[PDB]
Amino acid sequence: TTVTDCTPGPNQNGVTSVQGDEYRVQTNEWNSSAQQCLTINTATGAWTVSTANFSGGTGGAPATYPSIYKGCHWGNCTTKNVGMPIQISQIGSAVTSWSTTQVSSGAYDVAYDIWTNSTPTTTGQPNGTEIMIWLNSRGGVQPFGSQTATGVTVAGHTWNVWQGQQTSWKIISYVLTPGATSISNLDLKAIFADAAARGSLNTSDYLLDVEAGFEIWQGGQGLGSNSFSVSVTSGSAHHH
């Protein structure tokens, strides 16, 4: 039940189904051909960056974003107990937990990447909002855009907020302050409400996916995911 995927970027994505295809793990080396290997437990969904040593500057785009997700990434979709796509305004609840393993070397973030879109499906780049949630970072890396709030309270935690404009979507990043290696029962509905209040999210958009992993600029070996869960609910109770 343990698989190792080194699919080289920048144009190939290696995608591994885990936990009955409730989640998928992707190499997603979207900006590099440097060696990157993931080791993935398909029963538990745990994974590790077992081989990586990225080099380059700490500015601009990262080399890679190896990640686990529920929902659709560029048309590659999970198939069990999904709850997405769903219009943000129609979400009943949305909760996630993530436990990570970090290394005190290199330059990276430890981040959720959450996509929204005007229509419920897309084959490519979402056109709504990218919501990032940085549990931690090191090595001097910073979020896209500009810091627009400092030490704000959202969904029971304290954050700095960064907002930016990409070519066809808006980005908002919640930077946990101080950083940590895990988060439990994070209320994404509360995050979405805040992002809408701050002008970064149209709540008529569809939520496409919830991803978590590491944007890596330098290093990367030994970063990992111990456990990951996403629950997005809708509809009413009904048994047959």
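From 1 onward, residues are counted along the sequence shown.
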| item | value |
| --- | --- |
| Higher-scoring stretch by recorded Cα B factor average, 4-12 or 230-238 | 230-238 |
| Higher-scoring stretch by recorded Cα B factor average, 104-112 or 118-126 | 118-126 |
| Which of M132, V152, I86, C72 ranks first by CA B-factor in the deposited coordinates | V152 |
| Criterion, highest CA B-factor; candidates, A180, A193, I68, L208 | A193 |
| Among modelled residues of the same chain, the CA temperature factor third for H157 | highest |
| Modelled-residue ranking by C-alpha temperature factor, third containing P62 | middle |
| Chain thirds of CA B-factor: placement of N53 | middle |
| Chain thirds of CA B-factor: placement of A212 | lowest |
| Position of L201 among the chain's modelled residues by C-alpha B-factor, lowest, middle or highest third | highest |
